[PDB]
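[1] Sequence, then structure. It's an experimental one.
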Number of protein chains: 2
Amino acid sequence: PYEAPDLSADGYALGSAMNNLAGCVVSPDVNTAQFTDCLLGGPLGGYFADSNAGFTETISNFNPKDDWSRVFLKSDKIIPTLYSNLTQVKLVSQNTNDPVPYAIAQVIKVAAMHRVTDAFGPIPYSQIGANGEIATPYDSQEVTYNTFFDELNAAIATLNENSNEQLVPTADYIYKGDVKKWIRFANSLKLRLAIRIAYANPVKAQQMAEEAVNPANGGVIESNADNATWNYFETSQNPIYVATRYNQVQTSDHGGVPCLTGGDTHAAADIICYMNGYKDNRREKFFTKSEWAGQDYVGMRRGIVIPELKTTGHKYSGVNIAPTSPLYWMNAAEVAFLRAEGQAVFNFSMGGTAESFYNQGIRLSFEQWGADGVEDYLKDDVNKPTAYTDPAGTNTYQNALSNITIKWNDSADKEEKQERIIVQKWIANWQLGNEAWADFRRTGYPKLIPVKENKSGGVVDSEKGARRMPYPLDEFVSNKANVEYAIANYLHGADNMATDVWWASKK
Amino acid sequence: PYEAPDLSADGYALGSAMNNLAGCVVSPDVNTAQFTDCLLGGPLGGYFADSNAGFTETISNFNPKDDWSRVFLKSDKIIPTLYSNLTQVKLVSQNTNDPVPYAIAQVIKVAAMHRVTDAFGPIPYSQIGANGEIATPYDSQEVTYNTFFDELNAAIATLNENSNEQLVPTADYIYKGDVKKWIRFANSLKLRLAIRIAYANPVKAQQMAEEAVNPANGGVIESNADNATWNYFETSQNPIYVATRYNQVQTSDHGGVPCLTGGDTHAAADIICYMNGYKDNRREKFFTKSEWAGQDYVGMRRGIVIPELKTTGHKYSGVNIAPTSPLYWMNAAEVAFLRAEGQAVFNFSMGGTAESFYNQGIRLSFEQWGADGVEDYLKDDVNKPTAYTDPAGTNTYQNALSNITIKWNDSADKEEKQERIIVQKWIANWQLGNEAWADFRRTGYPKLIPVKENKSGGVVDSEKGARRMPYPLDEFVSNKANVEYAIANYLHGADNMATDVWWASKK
Ligand SMILES: [Zn+2]
Ligand SMILES: [Zn+2]
């Protein structure tokens, strides 16, 4: 039946706030998402390559300007937006005697903020102000992670208790206000963060992980239908799409044929080397074809002298994404691969065999992307990642990136089991650069092509890569005593890109 | 069931094109919509008032710069966008042996383009190029209108024949691809254009109007569920919202309380005078409260020395619209009032008594906006529009705008019947400024407050107001022979704002 507008229902005020919160994970603001996800996460995670020759100072070359590296902490579109809206939702939940919106808001808060600590290490968190003021004492990263678990646990408790209630759908382009899906996502995120800390605090990691997958707490994401995917662009412009297409070559400058590969960002060589080697049917779903003769898929190397787009850059495979594409937060495949690693590498009780979880992860990913042939792929014990023959001949890498094969081997050593899991988890997490970067730092997988053009002045290792972002210069201006205290006490290393964050403590 | 992305379905290419077409009626581009609908249609239609004191050259004061008046013809977001996408849809329909998308596209084309001729009079139309090139011979407005009817008729024929088919829903935020709704809208638009020409060609008008409401052709919009409303902003920013809020006063500059009335555009005095007088329960739905003591609703006068927003402008009632609000094209109320006028004023066979259509229009409008009290309103034969006592004391108008009462009087003279119909039609069409402006030019109703600050140098009459926009200056540069020919032969008057367009020929 026809329903009149009612700006007054508010209802309306709530919707604005909840949608604003969701925008704090991956920003709908193009320039913000460009920094956090196209220029930081994508390249550092082995997915994307910078492809504007004018970008002479980059994160991927390890000489970023403050204005590139700082964004997660300094963008008013992130922390101030998150906290201001949190404050409003908390008040709505109180006023309406309905705890559901604030509970979901707390899940979104962790989804947004773990990305921030994962980038810098110690950050302001527990003491952040009502309006997202970060001119406060820092938490150690360990304390931050502890707080994340507490917040998720509280949210999960509230949602479970209100499992029959709902959020108005117009307030939620992830799950349309479905409380049970939010519970699954919250537990899934809890699992992500548990495996993150598996080296740093194995006791806590095991406890959190086993709680996450325990039916008594409402379960994890086990189906693509339940992916944490932000479908907020059906009537506008996906920011990764816009940002990757910035400066794309015009048809009239491309022989009268459109160029489909994008502009400022292309697909990375690394992921394409693996997927080409593996004859992976997901390729056509992830990437645009290259314009290089006889090669359907070839990525641009990360950490090079970036070529001119107009001459050669435009020929490399691009990111296969549309204006109406959603933004991913977390998928079912990742949950399966977390359980696989939990069991195989850390001997956690994940609810099934590691082999079963690994295979299911791959099946979930093929299903997610509509790719056929998963059953033959799963059993492939022959095909290996390729080396990187640059069609331009400038940036060739002579070595196969790894010799790791797809088929599960239950008699493999832990190190090999971990590599296999992370390689497939990484493929499945295409576009979630920040997550890939975190996993690479924690595990050392996948093995990537080392940086060639390392602009760090010897500070950053070409293989180990960027371990973190340096602290924003403004911290030393507006928050000096507090950032200095964090450097001295919580960072456990110099304030530069070579220092590992706390959870990155694998032997 | 879970469905994978498939950018390849195209399917996808079609969706982009169809959504692009819809954007050519009222643009989602904020600055474009600001010009066509906030600064042109809204004020000229008696709905909105310009409220930036820096706007010293305006359409509403009758001294517009070329860059304000030209937009409908010169914006690349309108004609070039429309035609380029039309060309693509035509090819898709051919290639897929499916005529439905092009048929709907033709309805959108007329919806977009009638606004353009209605603004200027003679325009390029029949000869416009594949890419929306307007450097071509002009049509007379009569020829343009003839072409509109032919195009609508062809569309309606195709849709009727394919009444059981569908358009993919992601291609259509008006009707979700429902072919029968599109038929109703097409006939409704045909009726709008038929009544438009009721003075200029009564023979044709009657024929088109009676065809439009004939069941054999599939019917008109008779329910709010079937409104031509573009619900394209649930996840972004309605352009009328953004544009009306430009320069809104900041809370810290407003005594620590938010200001809710907007910035660059406020609600007009005229509509509020009628609605206050009529004790109209739709007021709270249309407008924000004013900040003037003891007065819930008071609009800003149009065509004045525009005051400073910060001092007094911000106190006037604003437009009650949200970021997620849709954009209206045509509603059920309008159809009812077209039928009312058709029967009462022109003796067309509309399918019912004029009284019944008038009352139904008012009922539809109350229902549309969720307003109670329509039954008592309908029977009100006492309450009259007010005069305009400016709370600021600067721009007071001492006369009641009209003495016309709400209740239908079937023994009234045609002139009174027309006024009553148009006044209620005008109220019901809140936000559709261009349409109100057209009706005012054709009928002389509603009676408005005459312009006080008339910046036209004596060219434009303060009561009759702007009769058209002058031709864009670029026409004399890129299309000289053709625009001059149109002035000499088709315009039937000087190229200025005082000359009536062809359909505006009431005695
Ligand atoms: Zn190209
Ligand atoms: Zn105010």
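    Looks like it came in fine. Numbers count the residues shown, from 1 in each chain, chains lettered A, B, ... in the order given. Ligands and ions are numbered 1, 2, ... in the order given.
[2] quick one, phi psi at the closest residue to ligand 2 within the stretch 351-500 of chain A?
    Relative to ligand 2, the nearest point of the stretch 351-500 of chain A is residue A:478 (32.1 Å; Cβ to the ion). Any C-beta I mention is one placed from the backbone N, CA and C, and that applies to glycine too. Residue A:478 has phi and psi values of phi -100, psi -10 when expressed as degrees, to the nearest 10.
[3] Quick check: it touching residue A:135?
    Yes: between residue A:478 and residue A:135 there is a contact under Cβ atoms under 8 Å: 5.3 Å.
[4] quick one, which of the two is more surrounded?
    residue A:135 (16 against 12; other Cβ atoms under 10 Å in any protein chain shown).
[5] So what's the residue count around the closest residue to residue A:398 other than its chain neighbours?
    Nearest residue to residue A:398 in three dimensions, chain neighbours excluded: residue A:387, at 5.9 Å (Cβ to Cβ, 6 or more residues apart in numbering or on different chains). If you count neighbours by other Cβ under 10 Å, residue A:387 ends up with 13.
[6] Quickly note the distance from residue A:387 to ligand 1.
    Distance of residue A:387 to ligand 1, computed by Cβ to the ion, to the nearest Å: 24 Å.
[7] do residue A:67 as well
    Using Cβ to the ion, residue A:67 is found at 29 Å from ligand 1.
[8] Around that residue, count how many other residues there are.
    Neighbours of residue A:67 (other Cβ under 10 Å): 12.
[9] Phi first, then psi, for it.
    According to degrees, to the nearest 10, residue A:67 has phi -70, psi -10.
[10] isn't residue A:370 right up against residue B:5?
    Yes: the criterion here is Cβ under 8 Å, and residue A:370 meets it with residue B:5 at 7.2 Å.
[11] Quickly list what's touching both of these two.
    Residues touching both residue A:370 and residue B:5 by Cβ atoms under 8 Å, 6 or more residues apart in numbering or on different chains: residue A:285.
[12] Whichever residue of the stretch 351-500 of chain A sits closest to chain B: how many residues sit nearby?
    The minimum distance from the stretch 351-500 of chain A to chain B, using Cβ to the nearest Cβ, falls at residue A:370 (3.1 Å). Neighbour count of residue A:370, defined by other Cβ under 10 Å: 16.
[13] which one is it nearest to, not counting chain neighbours?
    residue B:4 (3.1 Å).
[14] Likewise for residue A:239?
    residue A:33 is the one closest to residue A:239 (Cβ to Cβ, 6+ apart), at 3.7 Å.
[15] what about the one you found, neighbour count?
    Residue A:33, neighbours per other Cβ under 10 Å, totals 24.
[16] Give me the residues contacting the host helix or strand of it.
    Per DSSP states H and E: residue A:33 is located in helix A:30-33. Outside helix A:30-33, the residues that touch it by Cβ under 8 Å, 6+ apart are A:26, A:27, A:71, A:75, A:77, A:78, A:237, A:239, A:240, A:242, A:243, A:327.
[17] Residue A:267 belongs to a strand?
    Yes: under DSSP: H, G, I helix; E, B strand; the rest coil, residue A:267 sits within a strand.
[18] Which residues are in contact with it?
    A:47-49, A:286-288, A:297, A:299-300, A:316-319.
[19] So residue A:189 versus residue A:63, what's the distance?
    Distance, residue A:189 to residue A:63, by Cβ to Cβ, to the nearest Å: 33 Å.
[20] Would you map the helices across the stretch 251-400 of chain A?
    A:269-277, A:283-286, A:332-346, A:354-369, A:374-378 (DSSP state H, counting those that start in this stretch).
[21] Then the stretch 401-507 of chain A?
    A:414-428, A:433-443, A:475-478, A:480-489.
[22] unless I'm mixing things up, residue A:461 is touching residue A:499, no?
    No: checked against Cβ under 8 Å, the pair residue A:461 and residue A:499 is beyond contact range at 11.7 Å.
[23] For residue A:229, give me phi and psi.
    Given degrees, to the nearest 10, the pair of backbone angles that residue A:229 has is phi -130, psi 120.
[24] What's the local residue count around the closest residue in space to it that isn't next to it in sequence?
    Nearest non-adjacent residue to residue A:229, counting by Cβ to Cβ, 6+ apart: residue A:326, 4.8 Å away. Close neighbours of residue A:326, defined as other Cβ under 10 Å, add up to 19.
[25] circling back: with distance to chain B added, can I get the helices of the stretch 401-507 of chain A in TSV?
    Listed next are the helices of the stretch 401-507 of chain A as TSV, based on distance: least, Cβ to the nearest Cβ, whole Å:
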stretch	distance to chain B
helix A:414-428	13
helix A:433-443	18
helix A:475-478	20
helix A:480-489	27
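[26] Give me whichever of those is most buried.
    Ranked by mean neighbour count under mean count of other Cβ atoms under 10 Å in any protein chain shown, these are led by helix A:433-443, which reaches a mean of 24.
[27] For ligand 2, what is the nearest residue in chain A?
    For chain A, Cβ to the ion, closest residue to ligand 2: residue A:7, 17.4 Å.
[28] Distance check, that residue against residue B:262.
    Residue A:7 is 13 Å from residue B:262, by Cβ to Cβ.
[29] thinking again about what came up before, look at residue A:189 and residue A:63 and report which has more neighbours.
    In this view residue A:189 and residue A:63 are compared by other Cβ under 10 Å, and residue A:189 has more residues nearby, 26 against 18.
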